[PDB]
Amino acid sequence: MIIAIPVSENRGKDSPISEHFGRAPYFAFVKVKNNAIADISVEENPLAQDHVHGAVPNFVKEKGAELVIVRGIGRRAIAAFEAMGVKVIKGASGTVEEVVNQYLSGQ
């Protein structure tokens, strides 16, 4: 599956999870196979630009995400993901690599 994580800086697998969802400057899209990370793609969040906004959950879904791991996120975005069949896990902390591995190991 594909997991999406908003990150605040591009440090590849070590990109730190963003405190906020909608305005994160990038999203890391992580493919998982055999219960382990298979590929990490860091992409600019088009809605992080000044005065450009809207449908960020849709952009995440478009990219194939079935789950999104975040720290903070608004009720509206959570509702939008739920309405589109995307699981949301909040309150995570760590780099992209760490939070996906935590997820995969049941932590």
# chains A, B, ... in the order shown; residues from 1 in each chain; ligands from 1

$ residues_around --residues "segment 26-32 of chain A" --least-positions-apart "3" --cutoff "7 Å" --atoms "only C-alpha atoms" --output "ChimeraX atom specification"
/A:1-8,35-45

$ select_by_dssp --residues "chain A" --states "alpha helix (DSSP H)" --output "PDB file with C-alpha atoms, in the first residue's frame"
ATOM      1  CA  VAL A  56      -5.295  18.765  -0.011  1.00  0.00           C
ATOM      2  CA  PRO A  57      -6.844  15.453   1.023  1.00  0.00           C
ATOM      3  CA  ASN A  58      -7.810  14.993  -2.644  1.00  0.00           C
ATOM      4  CA  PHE A  59      -4.244  15.630  -3.795  1.00  0.00           C
ATOM      5  CA  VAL A  60      -3.070  13.004  -1.253  1.00  0.00           C
ATOM      6  CA  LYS A  61      -5.673  10.492  -2.473  1.00  0.00           C
ATOM      7  CA  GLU A  62      -4.787  11.192  -6.144  1.00  0.00           C
ATOM      8  CA  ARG A  75     -11.518  17.865  11.550  1.00  0.00           C
ATOM      9  CA  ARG A  76     -12.449  18.927   8.011  1.00  0.00           C
ATOM     10  CA  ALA A  77      -9.478  17.129   6.429  1.00  0.00           C
ATOM     11  CA  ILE A  78     -10.076  14.063   8.606  1.00  0.00           C
ATOM     12  CA  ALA A  79     -13.698  14.016   7.487  1.00  0.00           C
ATOM     13  CA  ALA A  80     -12.676  14.387   3.844  1.00  0.00           C
ATOM     14  CA  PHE A  81     -10.210  11.476   4.049  1.00  0.00           C
ATOM     15  CA  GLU A  82     -12.764   9.291   5.835  1.00  0.00           C
ATOM     16  CA  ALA A  83     -15.321  10.127   3.130  1.00  0.00           C
ATOM     17  CA  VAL A  96       9.164   9.457   7.759  1.00  0.00           C
ATOM     18  CA  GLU A  97      11.180   6.272   8.140  1.00  0.00           C
ATOM     19  CA  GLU A  98      10.498   6.046  11.888  1.00  0.00           C
ATOM     20  CA  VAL A  99       6.737   6.651  11.776  1.00  0.00           C
ATOM     21  CA  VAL A 100       6.140   4.204   8.923  1.00  0.00           C
ATOM     22  CA  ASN A 101       8.234   1.565  10.723  1.00  0.00           C
ATOM     23  CA  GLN A 102       6.279   2.259  13.919  1.00  0.00           C
ATOM     24  CA  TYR A 103       3.074   1.736  11.997  1.00  0.00           C
ATOM     25  CA  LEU A 104       4.306  -1.475  10.383  1.00  0.00           C
TER      26      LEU A 104
END

$ select_by_dssp --residues "chain A" --states "strand (DSSP E)" --output "PyMOL selection string"
chain A and resi 2-7+26-33+36-44+67-69+87-89

$ write_last_selection --atoms "N, CA and C atoms" --output "mmCIF file, in the first residue's frame"
data_model
loop_
_atom_site.group_PDB
_atom_site.id
_atom_site.type_symbol
_atom_site.label_atom_id
_atom_site.label_comp_id
_atom_site.auth_asym_id
_atom_site.auth_seq_id
_atom_site.Cartn_x
_atom_site.Cartn_y
_atom_site.Cartn_z
ATOM 1 N N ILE A 2 0.233 2.394 -0.060
ATOM 2 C CA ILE A 2 0.948 3.661 -0.085
ATOM 3 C C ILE A 2 0.523 4.474 1.117
ATOM 4 N N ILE A 3 1.498 4.990 1.856
ATOM 5 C CA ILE A 3 1.218 5.773 3.053
ATOM 6 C C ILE A 3 1.690 7.201 2.794
ATOM 7 N N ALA A 4 0.895 8.197 3.183
ATOM 8 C CA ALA A 4 1.296 9.597 2.969
ATOM 9 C C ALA A 4 1.612 10.241 4.315
ATOM 10 N N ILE A 5 2.663 11.053 4.337
ATOM 11 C CA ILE A 5 3.070 11.737 5.564
ATOM 12 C C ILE A 5 3.499 13.170 5.239
ATOM 13 N N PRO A 6 2.868 14.166 5.874
ATOM 14 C CA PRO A 6 3.249 15.563 5.609
ATOM 15 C C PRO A 6 4.580 15.809 6.309
ATOM 16 N N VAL A 7 5.539 16.410 5.614
ATOM 17 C CA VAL A 7 6.829 16.663 6.232
ATOM 18 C C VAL A 7 7.230 18.116 6.060
ATOM 19 N N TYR A 26 5.787 19.548 2.008
ATOM 20 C CA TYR A 26 5.914 18.354 1.178
ATOM 21 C C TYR A 26 5.112 17.220 1.773
ATOM 22 N N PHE A 27 4.855 16.210 0.954
ATOM 23 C CA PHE A 27 4.264 14.982 1.465
ATOM 24 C C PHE A 27 5.219 13.895 1.002
ATOM 25 N N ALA A 28 5.507 12.932 1.870
ATOM 26 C CA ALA A 28 6.360 11.824 1.470
ATOM 27 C C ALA A 28 5.353 10.725 1.160
ATOM 28 N N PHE A 29 5.451 10.103 -0.015
ATOM 29 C CA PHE A 29 4.542 9.000 -0.354
ATOM 30 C C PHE A 29 5.390 7.749 -0.281
ATOM 31 N N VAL A 30 5.023 6.878 0.653
ATOM 32 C CA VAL A 30 5.797 5.679 0.937
ATOM 33 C C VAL A 30 5.121 4.389 0.532
ATOM 34 N N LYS A 31 5.741 3.647 -0.385
ATOM 35 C CA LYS A 31 5.169 2.366 -0.797
ATOM 36 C C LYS A 31 5.682 1.320 0.193
ATOM 37 N N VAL A 32 4.797 0.437 0.627
ATOM 38 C CA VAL A 32 5.175 -0.620 1.559
ATOM 39 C C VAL A 32 4.877 -1.959 0.877
ATOM 40 N N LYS A 33 5.774 -2.923 1.059
ATOM 41 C CA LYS A 33 5.607 -4.257 0.484
ATOM 42 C C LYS A 33 6.285 -5.214 1.463
ATOM 43 N N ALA A 36 7.427 -3.877 4.850
ATOM 44 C CA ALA A 36 8.614 -3.028 4.967
ATOM 45 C C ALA A 36 8.535 -1.938 3.914
ATOM 46 N N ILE A 37 9.256 -0.857 4.166
ATOM 47 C CA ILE A 37 9.299 0.269 3.228
ATOM 48 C C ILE A 37 9.919 -0.224 1.923
ATOM 49 N N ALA A 38 9.304 0.134 0.797
ATOM 50 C CA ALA A 38 9.809 -0.278 -0.511
ATOM 51 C C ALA A 38 10.283 0.921 -1.334
ATOM 52 N N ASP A 39 9.657 2.075 -1.147
ATOM 53 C CA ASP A 39 10.054 3.269 -1.923
ATOM 54 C C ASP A 39 9.569 4.521 -1.202
ATOM 55 N N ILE A 40 10.341 5.599 -1.258
ATOM 56 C CA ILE A 40 9.901 6.845 -0.620
ATOM 57 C C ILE A 40 10.007 7.940 -1.676
ATOM 58 N N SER A 41 8.901 8.628 -1.924
ATOM 59 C CA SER A 41 8.877 9.701 -2.902
ATOM 60 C C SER A 41 8.483 10.993 -2.200
ATOM 61 N N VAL A 42 9.381 11.971 -2.175
ATOM 62 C CA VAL A 42 9.074 13.247 -1.518
ATOM 63 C C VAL A 42 8.581 14.199 -2.588
ATOM 64 N N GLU A 43 7.381 14.731 -2.385
ATOM 65 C CA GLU A 43 6.766 15.630 -3.364
ATOM 66 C C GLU A 43 6.306 16.964 -2.785
ATOM 67 N N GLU A 44 6.462 18.044 -3.549
ATOM 68 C CA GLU A 44 6.040 19.345 -3.051
ATOM 69 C C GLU A 44 4.540 19.320 -2.865
ATOM 70 N N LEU A 67 -3.492 5.425 3.438
ATOM 71 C CA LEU A 67 -3.359 5.797 4.842
ATOM 72 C C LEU A 67 -2.495 7.046 4.921
ATOM 73 N N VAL A 68 -2.785 7.912 5.880
ATOM 74 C CA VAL A 68 -1.984 9.107 6.068
ATOM 75 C C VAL A 68 -1.638 9.123 7.549
ATOM 76 N N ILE A 69 -0.370 9.379 7.849
ATOM 77 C CA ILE A 69 0.109 9.445 9.232
ATOM 78 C C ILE A 69 0.506 10.896 9.446
ATOM 79 N N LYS A 87 -7.548 6.023 5.602
ATOM 80 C CA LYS A 87 -7.387 5.954 7.040
ATOM 81 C C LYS A 87 -6.429 7.032 7.504
ATOM 82 N N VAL A 88 -6.739 7.623 8.649
ATOM 83 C CA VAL A 88 -5.897 8.663 9.219
ATOM 84 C C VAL A 88 -5.380 8.263 10.601
ATOM 85 N N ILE A 89 -4.081 8.423 10.826
ATOM 86 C CA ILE A 89 -3.508 8.166 12.146
ATOM 87 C C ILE A 89 -2.853 9.482 12.553
#

$ closest_residue --among "A:66, A:95, A:25, A:49" --to "residue 11 of chain A" --atoms "only C-alpha atoms"
A:95

$ closest_residue --among "A:63, A:53, A:23, A:71" --to "residue 86 of chain A" --atoms "only C-alpha atoms"
A:63

$ closest_residue --among "A:46, A:64, A:12, A:72" --to "residue 92 of chain A" --atoms "only C-alpha atoms"
A:72
